[PDB]
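Notes for the one structure printed next.
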Amino acid sequence: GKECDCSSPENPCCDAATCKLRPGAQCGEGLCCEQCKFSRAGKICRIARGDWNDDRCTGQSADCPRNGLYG
């Protein structure tokens, strides 16, 4: 797919050359990324703007998906 897994070219978790994870880290930068690995689904990645449901990570991705009341 793309060739840049991270957005920061100064991040050690993702090779600046291929902007991708150099080591065996499941993620270089992101909200669901913990210890450079895929945390777990239903992970709090953000808060709800109002009062419905908090943000929960997929656990298999590094970026947190929108699980609030918008989309």
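We count from 1, first residue shown onward.
We read in the header that solution NMR was used to get this structure.
Using the three backbone atoms N, Cα and C, a Cβ is placed for every residue, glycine included.
Copied over from Swiss-Prot, here are the features:
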type	residues	note
DISULFID	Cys4-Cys19	disulfide bond
DISULFID	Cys6-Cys14	disulfide bond
DISULFID	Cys13-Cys36	disulfide bond
DISULFID	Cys27-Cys33	disulfide bond
DISULFID	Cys32-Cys57	disulfide bond
DISULFID	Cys45-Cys64	disulfide bond
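Distribution of Swiss-Prot features across the structure.
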residue	record	CB count, 10 Å
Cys4	disulfide bond	13
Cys6	disulfide bond	23
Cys14	disulfide bond	24
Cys19	disulfide bond	17
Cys27	disulfide bond	22
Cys32	disulfide bond	25
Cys33	disulfide bond	24
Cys45	disulfide bond	22
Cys57	disulfide bond	25
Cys64	disulfide bond	19
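Taking the C-alpha positions, the distance from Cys6 (disulfide bond) to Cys64 (disulfide bond) comes to 14 Å. In sequence order, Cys13, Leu21, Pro23, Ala25, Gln26, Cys27, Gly28 are the residues of the chain that are 6 or more apart from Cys36 (disulfide bond) and have a CB within less than 8 Å of its CB.
Counting every protein chain shown, 22 other Cβ atoms lie within 10 Å of the Cβ of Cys13 (disulfide bond). Each residue contributes its Cα atom, and for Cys32 (disulfide bond) and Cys64 (disulfide bond) those atoms are 6 Å apart. For the disulfide-bonded residues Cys14, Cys33, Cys45, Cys57, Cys64, a Cα-Cα cutoff of 10 angstroms around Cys4 (disulfide bond) retains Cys14. Considering only the disulfide-bonded residues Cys14, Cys19, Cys64, the residues lying within 10 A of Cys33 (disulfide bond) on a C-alpha to C-alpha basis are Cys64.
Candidate disulfide-bonded residues: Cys14, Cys19, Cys57. Nearest to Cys45 (disulfide bond) by Cα distance: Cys57. A 10 Å radius around the C-alpha of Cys57 (disulfide bond) takes in these disulfide-bonded residues out of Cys14, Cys19, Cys64, in sequence order: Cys64. The two recorded residues, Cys64 (disulfide bond) and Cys14 (disulfide bond), show a Cα separation of 18 Å.
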